[PDB]
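When reading the values below, keep in mind they use all heavy atoms of this one structure, side chains included, and skip hydrogens, waters and symmetry mates. Each residue takes its place number in the sequence, starting with 1.
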Amino acid sequence: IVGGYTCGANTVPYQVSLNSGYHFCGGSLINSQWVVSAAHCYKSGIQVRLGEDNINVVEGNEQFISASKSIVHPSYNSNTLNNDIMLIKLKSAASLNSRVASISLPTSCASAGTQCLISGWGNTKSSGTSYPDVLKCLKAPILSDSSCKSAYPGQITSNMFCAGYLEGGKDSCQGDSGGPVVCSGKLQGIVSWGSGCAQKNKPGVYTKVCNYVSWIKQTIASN
Ligand SMILES: [Ca+2]
């Protein structure tokens, strides 16, 4: 997260870190057994780390649970990033309390101008590289479809939206991938892609979660 703030420990209780020997992506806990992330975060051997603040220090609220199965969206295209969503099942159910909690799925799509909270352990610099240990947060608005398409000609599908600031300076970044965009207490986006980070006229692009609620629910019901 570039141009954000330190969230505070366990203030984003649905935020998970996906670990394969090291943090590599965010995700969002959506029930005791299941995490939503980006398909471009797929790999084998994932351990889901819930209750994290400092990802390099055991602070007392962690739950580390290996994934039993990952399901990339049936129509994910890794070239275009269309349908950049993946479900991860935990081998055991997480213990839920105020520091580790699921986030609700949307019942309706969000509109441009809605304010959201984007979070993660990704790079905090727009030029060069610095990875935080503690969770970072950014409040940002959803942008109009027309401004999103104008920013990224030929690239924005109906399964994507832009959020952030066209002036630059405030965005998600590498290592935030897969993590949440939460608006009015609902998971509306997944950190997906962008050109660099926090660049002028190049906002963040996010998977439009409201399009996937049917698929998420039916997948959970049978897996
Ligand atoms: Ca920790």
| request: Please say which of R49, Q47, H23 ends up in a side-chain hydrogen bond (donor to acceptor under 3.5 Å, both in side chains) with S17. | output: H23
| task | Go through the steps to decide whether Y212 and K217 satisfy the test side-chain contact (heavy atoms from CB on, under 4.5 Å), and finish with yes or no. | result | CA-CA 9 Å; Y212 298 98; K217 288 183 171 189; over 6 Å; no
| request: Run the numbers on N83 and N77 for side-chain contact (heavy atoms from CB on, under 4.5 Å), then give the verdict. | output: CA-CA 7 Å; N83 307 294; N77 184 302; over 6 Å; no
Any sub-3.5 Å donor-acceptor pair from [X]'s side-chain atoms to [Y]'s backbone N or O?
| X | Y | answer |
| --- | --- | --- |
| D176 | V2 | no |
| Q155 | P153 | yes |
| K136 | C7 | no |
| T219 | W215 | yes |
| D84 | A39 | yes |
| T207 | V209 | no |
| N97 | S95 | yes |
| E62 | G60 | yes |
| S37 | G26 | yes |
| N211 | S158 | yes |

Can you tell me how far apart [atom1] ([X]) and [atom2] ([Y]) are? Round to the nearest 0.5 Å.
| X | Y | atom1 | atom2 | answer |
| --- | --- | --- | --- | --- |
| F161 | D145 | CZ | CG | 11.5 Å |
| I46 | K69 | CD1 | NZ | 14.0 Å |
| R99 | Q63 | CZ | CD | 12.5 Å |
| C25 | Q174 | SG | CD | 11.0 Å |
| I118 | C173 | CD1 | SG | 12.5 Å |
| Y206 | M160 | OH | CE | 13.5 Å |

Measuring only between side-chain heavy atoms, which start at C-beta, is [X] closer than 4.5 Å to [Y]?
| X | Y | value |
| --- | --- | --- |
| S78 | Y76 | yes |
| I216 | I30 | yes |
| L18 | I88 | yes |
| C116 | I142 | yes |
| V100 | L29 | yes |

| said: Does atom NZ (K139) have a neighbourhood of more than 12 heavy atoms from anything else shown, all under 6.0 Å? | reply: no
| Verdict with reasoning, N159 to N82, per side-chain hydrogen bond (donor to acceptor under 3.5 Å, both in side chains) | CA-CA 7 Å; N159 300 308; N82 196 29; 3.0 Å; yes
To check you understand the geometry: which heavy-atom pair defines the closest contact between [X] and [Y], and what is its length?
| X | Y | answer |
| --- | --- | --- |
| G122 | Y131 | C-CD2, 3.8 Å |
| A163 | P203 | O-CB, 3.9 Å |
| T124 | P132 | CG2-CD, 3.8 Å |
| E52 | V57 | OE1-O, 4.5 Å |
| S28 | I103 | CB-CG2, 4.1 Å |
| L105 | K186 | O-CD, 3.8 Å |

Would you say [Y] and [X] are linked by a side-chain donor-acceptor pair, where the criterion is simply a distance under 3.5 Å?
| X | Y | value |
| --- | --- | --- |
| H40 | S177 | yes |
| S150 | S147 | no |
| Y22 | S20 | yes |
| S119 | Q15 | yes |
| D133 | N54 | no |

Are [X] and [Y] in one and the same hydrophobic cluster, where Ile, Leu, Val, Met, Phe, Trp and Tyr link if side-chain heavy atoms are under 4.5 Å apart?
| X | Y | result |
| --- | --- | --- |
| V12 | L50 | no |
| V213 | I190 | yes |
| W34 | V36 | yes |
| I55 | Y5 | yes |
| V35 | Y14 | no |

| request: Can you sort out the partners of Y152 under ring pair (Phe, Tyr, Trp, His ring centres under 6.0 Å), two or more places apart, ordered by chain and number? | output: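 Scan of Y152 (ring pair (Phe, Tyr, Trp, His ring centres under 6.0 Å), adjacent residues dropped) gives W193.
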| query | What pairs with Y165 under ring pair (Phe, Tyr, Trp, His ring centres under 6.0 Å), at least two apart in sequence or on another chain? | reply | none
| request: Start with the C-alpha distance between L117 and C137, add both sets of side-chain angles, then the distance that settles side-chain contact (heavy atoms from CB on, under 4.5 Å), and finish with yes or no. | output: CA-CA 7 Å; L117 183 70; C137 277; 3.9 Å; yes
| task | Test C183 against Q115 for side-chain contact (heavy atoms from CB on, under 4.5 Å), laying out the working first. | result | CA-CA 6 Å; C183 319; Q115 286 290 339; over 6 Å; no
